[PDB]
Structures are given as C-alpha cells and as structure tokens.
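One structure below.
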Amino acid sequence: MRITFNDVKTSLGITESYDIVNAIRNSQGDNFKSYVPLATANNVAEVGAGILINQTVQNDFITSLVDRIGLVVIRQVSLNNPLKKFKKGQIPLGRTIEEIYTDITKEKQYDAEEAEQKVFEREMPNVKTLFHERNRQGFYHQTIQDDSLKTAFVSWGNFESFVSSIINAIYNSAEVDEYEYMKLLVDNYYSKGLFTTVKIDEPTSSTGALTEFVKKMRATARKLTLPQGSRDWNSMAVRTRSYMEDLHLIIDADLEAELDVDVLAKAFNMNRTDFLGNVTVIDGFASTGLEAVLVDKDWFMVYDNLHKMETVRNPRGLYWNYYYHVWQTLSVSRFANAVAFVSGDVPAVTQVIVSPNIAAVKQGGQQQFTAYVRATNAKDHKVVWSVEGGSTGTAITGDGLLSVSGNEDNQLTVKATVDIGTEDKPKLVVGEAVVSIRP
Amino acid sequence: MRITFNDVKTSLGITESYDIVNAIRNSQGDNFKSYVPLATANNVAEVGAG
Amino acid sequence: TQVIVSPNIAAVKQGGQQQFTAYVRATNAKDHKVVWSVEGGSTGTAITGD
Amino acid sequence: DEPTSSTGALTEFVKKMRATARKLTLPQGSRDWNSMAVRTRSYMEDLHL
C-alpha cells in the first residue's frame with residue numbers, strides 16, 4: 001500500500017498578520033530598513049517556520065537526483081503531577097468509606113424542682129456521617145506494529161528510541177489524567193456551592209488598597225485556627241478547629257507574581273506580609289471566580305484501588321497491544337475547613353445547610369431543625385420552612401419544629417428555602433432533610 | 001425494628017451555581033477543554049462531594 | 001491569532017472515520033465557536049459539529 | 001477615627017495607644033483610668049491589649 005499526498009503548500013494553516021516580504025520591499029526608512037541589505041531574505045522567510053508535510057525535491061544542479069534528509073531527532077518529554085502529595089494509601093478490599101463526626105451540645109440552666117421529675121430523661125447526641133465510593137475505572141490502550149514500523153527508519157537506535165517514546169506516552173497520559181481529575185475535584189466542589197466564598201476584590205478604603213487581598217487572606221487564615229473553633233468554614237456546619245501547619249493554599253501563578261512584585265519587593269521584613277499556609281501554585285482553575293483555595297490536609301479523600309498493565313500479541317496481524325488499568329476513588333471531606341477566594345461577583349446566598357439531615361420519628365413525635373445560611377454579604381435573610389410529606393396533620397412551625405400526625409406512613413421531606421431574587425423573578429436557595437416514620 | 005430509606009437523591013441539599021457536567025460537555029475553547037478528554041468524569045462529578 | 005487542527009495529516013479508508021480537535025489561540029478571555037467544513041467535493045462525506 | 005479608614009488613622013491610633021500605655025505606668029500613679037477614681041499604678045508586663 002502507498003499513501004501519497006499532492007498539491008501541498010508550505011503555508012498550510014498559517015494566518016498572516018502582515019506580509020513581511022511586502023513590508024521589507026515597501027519600507028522607506030521604517031523599522032524594516034535593517035533587512036533591506038539582506039539578499040536571500042525571501043527564501044529564508046518562505047521556509048523559516050518549518051514544513052508540516054514534505055515532498056520530494058529534485059537536486060538543483062541535476063534534476064534527476066533527489067535531495068535526501070541528513071538528520072533525524074526524536075523529542076522526548078516526562079510529566080508528573082504536583083498534587084500527588086495529597087493522596088492517601090490503597091484500599092485492596094471493600095468499596096465504601098464511612099466518616100463520622102460528633103458535634104457539641106448546649107448548656108442547660110440549673111434547676112432542682114424541674115430536675116426532680118426528669119432524672120431519667122435522655123438527650124440525643126449530635127452526630128453526622130458521610131460515605132465515599134470508588135468512582136474511577138479506566139484504561140489506556142496502545143498498539144505497536146514493529147514490523148510495519150521498520151520501514152520508517154534507517155537506524156536501529158532511532159527505531160528503539162521511537163518505540164521507547166511510544167511506551168513512555170502511556171505513563172505521561174496517566175499522570176496528566178490524574179492531575180486533571182484532582183483539579184476537577186476542586187472545580188466540582190466550587191460548582192456545587194459547597195465552599196465558603198471570601199471576596200478579595202472589593203476594598204474597604206480608596207487609599208491605595210493594593211494589599212487588600214493579602215490582608216483578607218491573612219485574616220481568614222488566622223481566624224481559621226482560633227482555639228475555640230468555628231462552624232462558618234465547613235459545608236457540614238460543624239464547630240471544628242484547624243491548625244496552621246495543616247493548612248494548604250493553592251493559588252495561581254499570576255496571583256503569586258502580583259503579590260511578589262507588589263508587596264514583597266517593597267516591604268521591610270517581609271515576614272509580616274507573606275502568606276500563612278503551605279503555598280502550592282497551579283495554572284489557574286476552570287471556574288470564573290476562583291483565584292485561590294485554602295483547605296485542610298484532611299479535605300482530600302483520594303485513594304487508589306488498582307494499578308496494573310497487561311499485554312497481548314496478535315500473531316496474524318503481527319502486533320502488540322498494551323493495556324494499562326487504573327482504578328481509583330476520588331472524593332472530598334465536608335467536615336474539613338475549606339474557603340475559596342473570589343475576585344468577581346457572587347450571589348447573595350451560596351447554600352443553606354439543615355443541621356439534622358437524616359431523621360427518624362414516630363407517629364406522635366416531634367423533631368427540631370436548625371438552618372445555617374451562607375451569605376456572602378452582611379445582609380440577613382430569613383428562611384421559610386415547608387414539608388412535602390402529604391398527609392394531613394403533619395406540620396412544621398416557623399421556628400423549625402416538625403410535628404407528625406398519629407396516622408401517617410410515608411417518607412417526609414423537610415425544606416428550608418431563602419429568596420434572593422426580585423419580585424416576579426424569584427431565585428431560591430434550598431436546604432433539605434429526609435425523615436422516616438417508625439411504626 | 002427496621003428503619004429504611006427509599007428513593008433518596010444523591011443531591012439532597014445541594015444547589016449548584018452552574019452544571020459542571022453540562023459545562024464540560026458543551027465546551028469549545030473554554031477552560032474545561034482539559035476536562036473534556038476525561039472518561040469517567042460524570043461519576044466523579046456525581047459522587048465527588050460525598 | 002490562529003486555529004490549530006491537532007491531526008494535520010490523516011489517511012482513512014472509504015468507510016472509515018476520523019476525529020479532529022481544534023485549538024483556538026485567543027488573546028482575550030472571551031469564548032468563540034468553531035465551525036467545521038470539508039472541501040473534498042464528494043457527496044456522502046460529512047463532518048459533524050464535534 | 002477608625003483603625004481601617006486609612007493608613008494615617010491607624011498610625012494615629014498606634015500613637016494614642018502608646019501614649020496611654022506609657023502614662024498608665026508612671027511611678028507616681030494616677031486616678032484617671034479606673035472606675036473608682038483611686039490613685040493606682042500599673043506595670044507594662046501586666047498590661048494586656
């Protein structure tokens with residue numbers, strides 16, 4: 001079989017901003033006057049950018065002879081992912097990971113007249129759980145047809161180098177895809193509205209506020225590690241604590257350069273104006289608003305289940321097949337602190353969290369729910385509660401107390417909604433919880 | 001006693017600013033072009049937050 | 001500034017298919033839509049929007 | 001004025017704080033910084049901000 005091409009131009013997919021040969025020819029004392037004395041300028045400009053598809057060229061002196069190629073160079077590259085340090089061990093058996101967290105309780109006023117009748121009363125501890133599963137199962141497939149590949153080389157060294165490059169491409173692809181999956185984790189988390197958003201663009205004073213972003217980042221990092229804890233920085237609304245040595249700040253190259261040229265080059269004793277967490281620089285995020293993300297070491301929940309490679313030879317077709325199987329689980333923990341720095345515009349409310357998300361009540365019982373809205377601004381918004389159970393008799397008050405009718409058997413859905421849009425154009429942010437009924 | 005739950009969504013209390021899977025699918029020169037070649041991206045996006 | 005088609009040289013049979021990707025060098029942050037065409041001049045040959 | 005209004009207000013606040021701290025610990029004492037208006041003296045090591 002012969003594969004041949006005809007009528008191929010040197011300027012195949014080139015869009016010209018301007019014609020350099022015409023500019024040189026038509027220059028009159030312009031910046032192109034330096035190239036006027038050059039004699040073989042058109043020939044250099046015609047083929048100086050390289051050729052995509054080559055064709056046989058006859059020799060200049062003798063038209064019968066053809067021109068040969070005198071050099072062959074093989075280009076090699078090796079890639080790694082910089083986020084591999086956030087991975088955990090392996091899971092050889094099982095599929096699901098369970099994570100449990102016990103929160104804090106409230107203080108009760110001291111009383112003896114009341115205590116004399118409720119000694120054996122019980123108070124349910126507050127505890128939440130979430131689950132992680134294996135979700136990545138892929139393989140990389142390539143083929144090597146060495147007998148058909150022999151004709152493209154005249155040197156065994158070049159042939160072997162090309163085969164080795166083909167082999168290395170598989171591992172390069174695996175590393176690149178792993179990095180992209182890890183970045184997709186953060187982008188998905190931001191897209192689902194589970195971060196706490198801090199604006200780093202609006203300043204508090206028009207007096208040369210070129211340090212507003214670094215001041216905000218420093219303050220946020222400082223208040224992330226207050227000893228008494230807080231429940232404003234995690235998507236499960238649990239009072240937790242962070243440590244300074246376990247905080248990782250993933251930022252952008254342009255942000256790093258901006259900080260370095262703006263504050264570090266002009267600050268005396270720059271230790272008072274640097275970042276606080278462990279800094280890792282990447283090539284930006286996918287979402288519009290993200291500029292930097294500050295997370296905890298326990299935020300990542302990435303494990304690898306399988307890594308293997310297997311080959312098979314086709315003797316009728318005279319070739320080799322390589323398969324590289326990778327199985328992994330990629331997830332994040334909602335119990336860990338995570339904040340995202342935004343330099344654009346954001347909605348008034350990002351999410352609403354109902355603290356009891358799973359409940360089981362009897363036909364005459366009651367359940368109390370609490371709601372936490374994540375408002376970017378300082379404006380306070382009210383929640384409204386509803387129940388989509390269906391039976392008549394079950395009702396929820398405005399505070400968040402749900403009572404269940406004595407005759408009812410179906411799964412109840414408790415919703416708390418907040419309105420942030422205008423009239424006739426409503427926009428709603430909803431938190432939800434599920435209630436089962438004991439018989 | 002036997003407490004069970006039936007027909008529970010995987011997006012119980014989640015309100016999304018934008019659909020990440022739709023953004024990846026309908027991408028032409030955007031910042032998701034690196035996510036386009038990913039094979040099992042839908043499952044990771046679906047169960048990546050717990 | 002330019003648009004680069006990742007496979008620039010291809011060889012296919014009369015019943016085969018090929019996949020091409022386009023990379024657009026955009027100076028600004030705006031997003032632009034690519035449109036594909038074939039100038040072979042034969043009926044029955046087609047290219048999709050993807 | 002305000003610690004965050006501008007860069008001059010912050011340094012003015014620093015000046016006022018330093019002056020107050022200096023005059024709270026004069027050896028002769030002062031009945032100017034307590035609710036009982038009694039003449040008392042503080043120490044720099046015991047001052048907390």
Quiz item: Taking segment D:1-47, which residues are within 13 Å of the chain's Cα centre (by Cα), more than 30 Å from residue A:219 (Cα to Cα) and not hydrophobic (A, V, I, L, M, F, W, C)?
Solution: D:23, D:25, D:30, D:32, D:34, D:41, D:42, D:43
Practice problem: Can you run down the residue pairs with Cβ atoms below 8 Å, 6 or more apart or on separate chains, where the first is in segment A:265-279 and more than 20 Å from residue A:292 (Cα to Cα) and the partner is part of a helix (DSSP H, G or I)? | Solution: A:270/A:263; A:270/A:264
Quiz item: How many residues does segment A:338-350 hold that are assigned to a strand (DSSP E or B) and among the polar types (S, T, N, Q)?
Solution: 1
Quiz item: Across segment A:353-384, what is the total count of residues that are within 30 Å of residue A:197 (Cβ to Cβ), within 14 Å of another protein chain (Cβ to nearest Cβ) and in a strand (DSSP E or B)?
Solution: 9
Quiz item: In segment A:231-267, what residues are among the β-branched types (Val, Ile, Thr) and either in contact with a helix residue (DSSP H, G or I) (Cβ under 8 Å, 6 or more places away or on another chain) or within 27 Å of residue A:432 (Cα to Cα) (or both)?
Solution: A:238, A:240, A:250, A:263
Practice problem: Return a yes/no flag: does segment A:324-337 have any residue that is outside any loop (DSSP other than H, G, I, E, B), touching a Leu at 6+ places or on another chain (Cβ under 9 Å) and more than 25 Å from residue A:95 (Cβ to Cβ). | Solution: no
Quiz prompt | Scan of segment D:1-19 for residues that are part of a loop (DSSP other than H, G, I, E, B) and charged (D, E, K, R), ordered by number | solution = D:1, D:2
Quiz item: Just wondering, is there one or more residues in segment A:66-86 that are within 22 Å of the chain's Cα centre (by Cα) and closer than 30 Å to residue A:358 by Cβ?
Solution: yes
Quiz item: Somewhere in segment A:393-410, is a residue more than 12 Å from chain B (Cβ to nearest Cβ), among the polar types (S, T, N, Q) and outside any loop (DSSP other than H, G, I, E, B)?
Solution: yes
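To keep it simple, each residue is scored yes or no on (1) touching a residue at least 24 places away in the same chain (Cβ under 8 Å); (2) closer than 24 Å to residue A:124 by Cα; (3) of a type in the set (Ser, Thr, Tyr).
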site	(1), (2), (3)
A:324	yes, no, yes
A:335	yes, yes, no
A:338	yes, no, no
A:341	yes, no, no
A:357	yes, yes, no
Quiz item: surrounded by fewer than 19 Cβ atoms within 10 Å (Cβ to Cβ), under 18 Å from the mean Cα position of the chain (by Cα) and more than 14 Å from chain B (Cβ to nearest Cβ), is that true of residue A:253?
Solution: yes
Quiz item: Out of all the residues in segment A:200-219, which are surrounded by 15 or more Cβ atoms within 10 Å (Cβ to Cβ), closer than 20 Å to residue A:295 by Cα and more than 21 Å from the chain's Cα centre (by Cα)?
Solution: A:213, A:214, A:215, A:216, A:218
Quiz prompt | Sole exception among (1) outside any loop (DSSP other than H, G, I, E, B); (2) in contact (Cβ under 8 Å) with a residue 40 or more places away in the chain; (3) touching a helix residue (DSSP H, G or I) at 6+ places or on another chain (Cβ under 8 Å) for residue A:210, by number | solution = (1)
Self-check item: Count of segment A:264-301 residues which are more than 14 Å from chain B (Cβ to nearest Cβ), within 16 Å of residue A:341 (Cβ to Cβ) and among the hydrophobic types (A, V, I, L, M, F, W, C)
Solution: 7
Practice problem: Scan segment A:308-315 and give yes if some residue there is outside any strand (DSSP E or B) and either more than 23 Å from the chain's Cα centre (by Cα) or hydroxyl-bearing (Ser, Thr, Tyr) (or both), otherwise no. | Solution: yes
Exercise. Exactly one condition in (1) closer than 30 Å to residue A:414 by Cα; (2) in contact with a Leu (Cβ under 9 Å, 6 or more places away or on another chain); (3) not in a loop (DSSP other than H, G, I, E, B) is not met by residue B:22; state its number.
Key: (2)
Quiz item: Restricting to segment A:85-98, what's the tally of residues that are in contact with a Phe, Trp or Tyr (Cβ under 8 Å, 6 or more places away or on another chain), outside any loop (DSSP other than H, G, I, E, B) and surrounded by fewer than 12 Cβ atoms within 10 Å (Cβ to Cβ)?
Solution: 3
Quiz item: Which residue out of C:22, C:46, C:11 is surrounded by 10 or more Cβ atoms within 10 Å (Cβ to Cβ) and more than 22 Å from residue B:37 (Cβ to Cβ)?
Solution: C:11
Quiz item: Which one is nearest to residue C:21 (Cα to Cα), of the residues in chain B that are more than 7 Å from chain A (Cβ to nearest Cβ) and among the hydrophobic types (A, V, I, L, M, F, W, C)?
Solution: B:36
Exercise. For residue A:349, state whether it is within 11 Å of another protein chain (Cβ to nearest Cβ) and either β-branched (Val, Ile, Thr) or under 20 Å from the mean Cα position of the chain (by Cα) (or both).
Key: yes
Quiz item: If residue A:244 passes every condition in (1) within 14 Å of chain B (Cβ to nearest Cβ); (2) hydrophobic (A, V, I, L, M, F, W, C); (3) in contact with a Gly (Cβ under 8 Å, 6 or more places away or on another chain) but one, which one does it miss?
Solution: (1)
Quiz item: Could you say whether any residue in segment A:68-78 is away from every other protein chain (no Cβ under 14 Å) and farther than 24 Å from residue A:157 by Cα?
Solution: no
Quiz item: Can you tell me which residue in segment A:348-403 is surrounded by the fewest Cβ atoms within 10 Å (Cβ to Cβ), limited to those that are closer than 27 Å to residue B:16 by Cα and charged (D, E, K, R)?
Solution: A:380
Quiz item: Name the strands (runs of 3 or more DSSP E) wholly within segment A:99-199 that hold at least 2 residues that are surrounded by 15 or more Cβ atoms within 10 Å (Cβ to Cβ) and away from chain B (no Cβ under 14 Å)?
Solution: A:196-199
Practice problem: For segment A:292-347, enumerate the residues that are surrounded by fewer than 21 Cβ atoms within 10 Å (Cβ to Cβ) and charged (D, E, K, R). | Solution: A:297, A:298, A:304, A:308, A:310, A:313, A:316, A:345
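For neighbour counting, all protein chains shown are included, and Cβ atoms are generated from backbone atoms with ideal geometry for every residue, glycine included. A short reminder: the numbers here are calculations on the coordinates, not readings from a lab.
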